[PDB]
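Chains as they are written, first to last, in the entry's author numbering: chain S, 174 to 264, 294 to 333, 365 to 381, 401 to 417, 448 to 614; chain A, 174 to 264, 294 to 333, 365 to 381, 401 to 417, 448 to 614; chain D, 174 to 264, 294 to 333, 365 to 381, 401 to 417, 448 to 614; chain E, 1 to 104; chain B, 1 to 104; chain C, 1 to 113. All residues carry an ideal CB built from backbone N, CA and C; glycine is no exception. One structure is given here, and the rest of the page talks about it.
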Amino acid sequence: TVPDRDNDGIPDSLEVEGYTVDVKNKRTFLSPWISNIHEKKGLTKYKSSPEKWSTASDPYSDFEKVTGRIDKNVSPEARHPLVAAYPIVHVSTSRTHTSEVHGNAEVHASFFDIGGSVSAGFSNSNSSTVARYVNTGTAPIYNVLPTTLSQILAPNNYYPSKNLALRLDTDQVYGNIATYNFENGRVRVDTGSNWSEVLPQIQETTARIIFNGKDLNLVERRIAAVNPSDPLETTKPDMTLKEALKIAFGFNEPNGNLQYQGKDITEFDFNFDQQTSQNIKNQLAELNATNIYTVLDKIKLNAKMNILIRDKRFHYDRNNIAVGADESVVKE
Amino acid sequence: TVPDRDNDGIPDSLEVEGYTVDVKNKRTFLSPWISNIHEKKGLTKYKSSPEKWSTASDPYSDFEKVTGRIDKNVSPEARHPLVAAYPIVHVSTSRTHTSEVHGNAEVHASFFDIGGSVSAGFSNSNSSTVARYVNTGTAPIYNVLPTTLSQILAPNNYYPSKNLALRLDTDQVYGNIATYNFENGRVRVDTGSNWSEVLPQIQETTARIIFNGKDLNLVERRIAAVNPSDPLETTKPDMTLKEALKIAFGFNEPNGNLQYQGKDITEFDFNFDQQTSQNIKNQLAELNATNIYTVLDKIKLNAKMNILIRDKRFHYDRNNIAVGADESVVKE
Amino acid sequence: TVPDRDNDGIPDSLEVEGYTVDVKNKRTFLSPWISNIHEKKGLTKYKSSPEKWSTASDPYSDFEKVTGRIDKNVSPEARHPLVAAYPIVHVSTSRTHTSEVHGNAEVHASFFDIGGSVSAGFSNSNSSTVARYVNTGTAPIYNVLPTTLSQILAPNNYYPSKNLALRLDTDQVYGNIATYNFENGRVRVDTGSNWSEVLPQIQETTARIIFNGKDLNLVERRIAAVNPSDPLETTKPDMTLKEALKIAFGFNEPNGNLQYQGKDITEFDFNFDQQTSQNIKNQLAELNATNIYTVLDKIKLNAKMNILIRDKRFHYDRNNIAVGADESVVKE
Amino acid sequence: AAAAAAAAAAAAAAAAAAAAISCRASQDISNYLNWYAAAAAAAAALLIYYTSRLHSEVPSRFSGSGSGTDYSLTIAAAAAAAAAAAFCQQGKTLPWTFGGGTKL
Amino acid sequence: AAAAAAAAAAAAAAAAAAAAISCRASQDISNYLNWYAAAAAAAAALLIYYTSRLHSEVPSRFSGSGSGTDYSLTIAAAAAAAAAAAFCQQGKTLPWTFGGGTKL
Amino acid sequence: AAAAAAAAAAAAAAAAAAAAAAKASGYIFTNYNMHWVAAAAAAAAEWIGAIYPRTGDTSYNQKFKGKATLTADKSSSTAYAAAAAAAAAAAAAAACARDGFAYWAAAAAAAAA
Ligand SMILES: [Ca+2]
Ligand SMILES: [Ca+2]
Ligand SMILES: [Ca+2]
Ligand SMILES: [Ca+2]
Ligand SMILES: [Ca+2]
Ligand SMILES: [Ca+2]
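As structure tokens, this is what we get:
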């Protein structure tokens, strides 16, 4: 037998040492991570918290996320136990950022200087700019529309169909939660459970990373990171920035260099909050490396940590929209 | 004993290797598929997912679909475990399609070219054109009418009787679900359960194929296909285009050639979405066969896959109505 | 012990081989059908489905129908397990039929020709003609009146008493279902259960036969017939037209000839729908007998089968009312 | 009402050749066809009903086939060639109309 | 419609040097490239489809590679140097356009 | 393994059209469609078109819209190519091939001197 203290359906020893799901003959079953057999088939090693039913505090458990016993509308990026699965809803409108400070100094200063005079205000409240509801998150909204009915708002989909039909401080009032039933494949929406009772936990226990590498659109992803103060948060597996980027934004390295659709990691700029920059700078000083891009594999992530990653070749503004770029790139 | 991990009432070994239902003396019982005895009596080999209570994610299970312990209003085409059972409701009106691109090029170009400049926009939202509610699906709607009371709307039937009594973007707001009780033959409608909580799962886990071989009417059928990304979706049995056509649209082959009411398969034209065409083209290139009609038995179906099949001898428009045809066919 | 897979309270072996209920000393108990003892006392052999709690899909089970543990308002014609027990409600008004085609040809053509140019449209929706609610069915309506309160509408009874107090497309909106309790003789009406959730199943699984041999009134009775497509429907016992007439309309044969109150079977005319006529003609051709009246014992009944039986000596119209008759019969 | 016609009314001399006696009706027939054998002014009886199955009192050498409008009866191994008219009767609707043919 | 061009059409004399026969198309190709071998006016057949995998009836010494617009086939150990034209066919869209090359 | 055997030689009059035939016994003819391609000097190899034998459906190049017509006969399991308005520019070797261009025939080498 196995202890499985978290009662997630996965043995805690497997959740610690690493585990993966493989199918032999159309039948799924968990197995401890074994090299030279699971790696060659593209299976991803999964690490979870042995004392948490859900590592990212989202309503879906580690077993449901990994084995596929989850709502099929959940984005594949959230199938990792260490990636939060929560909805983000919005309404020539585009996604916006609360405030930005970096931009007055050199764009290449992030290689040698981290934090200090550069920062970015982060607010968990949804916001948008103008000059139709869209779910840019990884979880659905079922029965309640937000404030700026049986149909849902699937992620990466608009509430009205495309064929059908200066700030907007959209509120985070979401609907109930669709929880997968264990006795049968049927999925039911628990009226008592609400998203508004789950979002605060995800915000507290996860580190938020925002990326705009595709279509110049800000995608909000959160990774379950370790908080040393809380003993339960320590049970989470160690998370590095390289691994967080690989499991959240689809970053891949074929030869030790992070790439995103052919774009190298050095092509992007890193922004941090006040506390995030202080923690990152402390880690850099302890590791004797002012440069951060080349030490990404040895930089640990903590809770209440916010990281903003932009594109260097585009010129940004206070609201984080690529209003302009360099002369060479716009010409060709 | 048998494992039956999915708790569907059918052994998982039977669900993998194939199974069928036969009656000896007015009594039904499952049996593993055995050739030379079950084939000669017209029994159809059934394959299901060993880890899913319902392979197509519809509220009816594999046991209920096969053994007949299902609501009798369900269309016989949906009795296969691999065919989704969900309602489609509409209102000289006729069924319409969202958008069409193929038609500018040669009608025979599908034999040698797949995808590229030819595609078709697909939207799951119900739509119709004009110049009375009709259920063209395979599942009933019981207590809630859609938006463009005890009686139901049976499939292939009008909400008012025939004796009784330019777009219509009908919404997918359906009613509750009539679930067959196991303790007795009585059927009861679960108020808590709703169709709107089941339709999204069916859309995500099934591949939609639209056919207009009878009465020039678009019938919407979905087949449970394998999604490699999700481990649970991999448990579904391998599905080919030939088998999907045979089990959904009634296609039959007496001598290795697919026929529909005497019409050969080559008489129909194949249309695909952008992702569908890319996947089909990848399979064709891997199999070293530009032609698709003669490799239908070796073309696998995946999730989120949309295929549109039309009639070549009719001339179609942007809304997919046979406005005209060739001179010879209209003359005779 | 006995298997009793259907959990109807009757052993499945008894339900297959035949069974009957007899009383020894004021005590009832089931017994397998034994000839020369049960036949001489007028007991009727009962055959049911071993895998169905209720053979006719009506809310009353085989045990309740046969043993008398049923609501006493149920008509004795519905006490047979193979006869559906569902209400029919209506309002010089009289019962009407949707449409009739037979009548242009010879009245005696049914002996040598079946189907083809003769048919009759059938609709399950209630209808009536004019120039007070009446229950012509076999089951009661308790708490909800139909659309064109504690008292009920008993079958063969008017909603108002007789002493008390051009089409009417009455809807099939009935009330709840009075289910007999097993722990005690008390009868209770289940608010959750509704007739509208049971009528569709009865329509799908039973074959409807309409008769007007008494008072020139159309009585609507349905007999549970075998549907080869559905494996569960195959579990029903084989039903012939002769047996269906005997168990539904009270037809009796003392010397091998069917009679109804002294009127021979040949005095009535047979009408069928399109599918019914096609199936009947196929059976007749296979059995090498164009005549149908003399092969009634070897004609099997299937599901979704509608048969209309009229009186030859009366002249009928499109609405199926005996507006006139022959000169000889009206004179005497 | 339903006129019955045969694609071939007289069989040309063709030893060891494919044999098929076809019947083309005025309209479609749902396989309600009968096949009739008869000796020389004697032994008039049918062999196949519903165009596929035998009378069960005749040997299996007779075999009919077809679908739609054209139905053809084939002979596996012919044993004699004499003057004996054949019949081809449909059963879709009244009246009963017969056909014709010359074989065996 | 999709013009096919080769970065190198003639191979200069370079003994024991890196070998790469590249093809640059008019637009991007989703790895729908075919490689064709042919002896002296005989033995015309393909070797690699989808730019990566072999025909399975040919030895593994042939190995193609590439991504995007430029696809290059490399030779591990050359054994002969004769006059034999090569072909470089794309399969993205109609019509099928071939290429060219000189190796082996 | 697949081989195509044709006539060793053919004698024709001056300025007389000729038809090239290639047997397709190496596989199921009605299953895989057969393409036609020709190689000419100063223009490399240009695709001509393809024929689907089961239904006779064809697709032709923009250059070869009316240059050639391709048909097939299931009786002897072979396909035929017919060329109209023959000229000096039409003198080029044509080789047919199965679906995917996997199997190639043995085209003749015409030489006048
Ligand atoms: Ca665990
Ligand atoms: Ca865990
Ligand atoms: Ca199972
Ligand atoms: Ca299953
Ligand atoms: Ca029983
Ligand atoms: Ca029973």
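CB-CB length for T240(S) against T201(S), believed under 8 angstroms: Locating residue 240(S) in the first sequence gives position 67, where the first residue counts as 1. Locating residue 201(S) in the first sequence gives position 28, where the first residue counts as 1. Going by Cβ atoms, the distance from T240(S) to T201(S) rounds to 6 angstroms, so yes, they are a contact pair.
Identity of the residue in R504(D), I581(D), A604(D) and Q560(D) nearest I261(D) by Cα: Numbered from its first residue, the third sequence carries residue 261(D) at position 88. For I261(D), the nearest C-alpha among the options comes from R504(D).
Length of the line joining the Cα atoms of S230(S) and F554(A): By 1-based counting over the first sequence, the position of residue 230(S) is 57. By 1-based counting over the second sequence, the position of residue 554(A) is 272. The straight-line gap from Cα to Cα measures roughly 40 angstroms.
Residues sharing a beta bridge with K545(A), DSSP: Taking the first residue of the second sequence as 1, we reach residue 545(A) at position 263. Answer is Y542(A).
beta-carbon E302(A) near ligand 1 non-hydrogen atom, thresh 7 angstroms: As a first step, residue 302(A) is located in the second sequence; it is residue number 100 there, counting from the start. Checking every heavy atom of ligand 1 against the Cβ of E302(A), none is found closer than 7 angstroms.
Any non-hydrogen atom of ligand 1 within 7 angstroms of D555(S) CB: Residue mapping note: residue 555(S) aligns to position 273 of the first sequence, counting from 1. No, the beta carbon of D555(S) sits no closer than 7 angstroms to any heavy atom of ligand 1.
For ligand 3, residues whose Cβ lies under 5 angstroms from any non-hydrogen atom: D177(A), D179(A), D181(A), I183(A), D185(A) and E188(A)
As assigned by DSSP and simplified to three states, the class of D551(A): What you label residue 551(A) is simply residue 269 of the second sequence in a count that begins at 1. If DSSP states are grouped into helix, strand and coil, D551(A) belongs with the strands.
Short CB-CB distance (under 8 angstroms) between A406(S) and chain A: Along the first sequence, one-based indexing puts residue 406(S) at 154. Yes - at least one Cβ of chain A is within 8 angstroms of the one on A406(S).
Exposure of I207(A), with buried meaning 16 or more beta-carbon neighbours within 10 Å: As a working note, residue 207(A) is residue 34 in the second sequence. With fewer than 16 Cβ atoms within 10 Å of its Cβ, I207(A) is classed as exposed.
Ligand 2 heavy atom lying under 7 angstroms from the CB of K220(S): The sequence position of residue 220(S) within the first sequence is 47, counting from 1. No - ligand 2 has no heavy atom lying nearer than 7 angstroms to the Cβ of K220(S).
CB contact flag (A25(E), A4(E), <8 angstroms): The sequence position of residue 25(E) within the fourth sequence is 25, counting from 1. The sequence position of residue 4(E) within the fourth sequence is 4, counting from 1. Contact: yes.
Contact with chain A by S294(D), beta-carbon distance below 8 angstroms: What you label residue 294(D) is simply residue 92 of the third sequence in a count that begins at 1. So no, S294(D) is outside the interface.
Interface residues of chain S facing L514(A) [CB-CB closer than 7 angstroms]: The sequence position of residue 514(A) within the second sequence is 232, counting from 1. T201, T240, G241 and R242, listed in chain order.
Identity of the residues DSSP links to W104(C) by a beta bridge: Taking the sixth sequence and counting its residues from 1, one reaches residue 104(C) at position 104. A97(C).
CA-to-CA distance, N499(D) to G606(D), given in whole angstroms: The residue you call residue 606(D) lines up with position 324 of the third sequence. The residue you call residue 499(D) lines up with position 217 of the third sequence. If I take the Cα positions, the gap works out to 15 angstroms.
Cβ shell of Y27(C) (< 8 angstroms), same chain only, five flanking positions each side left out: Taking the sixth sequence and counting its residues from 1, one reaches residue 27(C) at position 27. Within the same chain, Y27(C) has close Cβ partners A2, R98 and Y103.
Endpoints, the beta strand (DSSP E) within which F202(A) is located: Taking the first residue of the second sequence as 1, we reach residue 202(A) at position 29. Residues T201 to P205.
Reduced DSSP secondary structure (H/G/I, E/B, other) of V611(A): In the second sequence, the residue the question calls residue 611(A) occupies position 329. Helix, per DSSP.
Pairwise C-alpha distance: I547(A) and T331(D): The residue labelled residue 331(D) in the question sits at position 129 within the third sequence. The residue labelled residue 547(A) in the question sits at position 265 within the second sequence. Between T331(D) and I547(A), the C-alpha separation is close to 50 angstroms.
Below-8 angstroms beta-carbon distance, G99(B) vs any chain A residue: Within the fifth sequence, residue 99(B) is the residue found at index 99, counting from 1. Taking Cβ atoms only, chain A never reaches closer than 8 angstroms to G99(B), which makes this a no.
C-alpha gap between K74(C) and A111(C), whole angstroms: Within the sixth sequence, numbered from 1, the residue matching residue 74(C) stands at position 74. Within the sixth sequence, numbered from 1, the residue matching residue 111(C) stands at position 111. If I take the Cα positions, the gap works out to 33 angstroms.
Supposed close pair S327(D), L416(A) - CB separation, criterion 8 angstroms: Against the third sequence, residue 327(D) aligns to sequence position 125. Against the second sequence, residue 416(A) aligns to sequence position 164. Their Cβ separation, rounded to whole angstroms, is 6 angstroms, which keeps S327(D) and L416(A) in contact under 8 angstroms.
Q485(A) (DSSP reduced to helix, strand or coil): By 1-based counting over the second sequence, the position of residue 485(A) is 203. Helix at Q485(A).
Endpoints, the beta strand (DSSP E) within which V471(S) is located: To locate residue 471(S), count along the first sequence from 1; it is residue 189. Looking at the DSSP string, the run of the beta strand (DSSP E) that includes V471(S) is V469 to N476.
heavy atom of ligand 4 below 7 angstroms from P223(A) C-beta: Within the second sequence, the letter at position 50 stands for residue 223(A). It does: the Cβ of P223(A) is within 7 angstroms (strictly closer) of some heavy atom of ligand 4.
Neighbourhood of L70(C) by C-beta distance below 7 angstroms, restricted to the same chain and skipping five residues each side: Locating residue 70(C) in the sixth sequence gives position 70, counting from the first residue. Excluding residues within five positions, the ones whose Cβ falls inside 7 angstroms are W36, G49, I51, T58, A79 and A81.
N-terminal and C-terminal residue of the alpha helix (DSSP H) that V377(D) is part of: Here residue 377(D) is taken as the residue at index 144 of the third sequence, counted from 1. Per DSSP, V377(D) belongs to no alpha helix (DSSP H) and is neither H nor E.
DSSP state of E568(D) mapped onto helix, strand, coil: Within the third sequence, numbered from 1, the residue matching residue 568(D) stands at position 286. Three-state DSSP puts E568(D) in a helix.
Expected contact under 8 angstroms - CB spacing of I374(D) and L405(D) to nearest Å: Residue mapping note: residue 374(D) aligns to position 141 of the third sequence, counting from 1. Residue mapping note: residue 405(D) aligns to position 153 of the third sequence, counting from 1. At roughly 4 angstroms, the Cβ-Cβ gap stays under 8 angstroms, so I374(D) and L405(D) are in contact.
With 16 other Cβ atoms within 10 Å as the buried cut-off, status of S221(D): Along the third sequence, one-based indexing puts residue 221(D) at 48. Buried is the call here.
C-alpha distance - residue 342(S) paired with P536(S), whole-angstrom precision: Any structural detail on residue 342(S) is unavailable, because chain S resumes at 365 straight after 333.
Local Cβ density within 10 Å of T298(S), reported as buried at 16 or more and exposed below that: Taking the first sequence and counting its residues from 1, one reaches residue 298(S) at position 96. The residue is buried, with at least 16 neighbouring Cβ atoms inside 10 Å.
Chain D residues whose Cβ lies nearer than 8 angstroms to that of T93(E): Stepping through the fourth sequence from its first residue, residue 93(E) is reached at position 93. Per Cβ cutoff of 8 angstroms: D315, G318 and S319.
Straight-line Cα distance separating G191(A) from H211(A): Your numbering for residue 211(A) matches position 38 in the second sequence. Your numbering for residue 191(A) matches position 18 in the second sequence. Spanning the two alpha carbons is a distance of roughly 12 angstroms.
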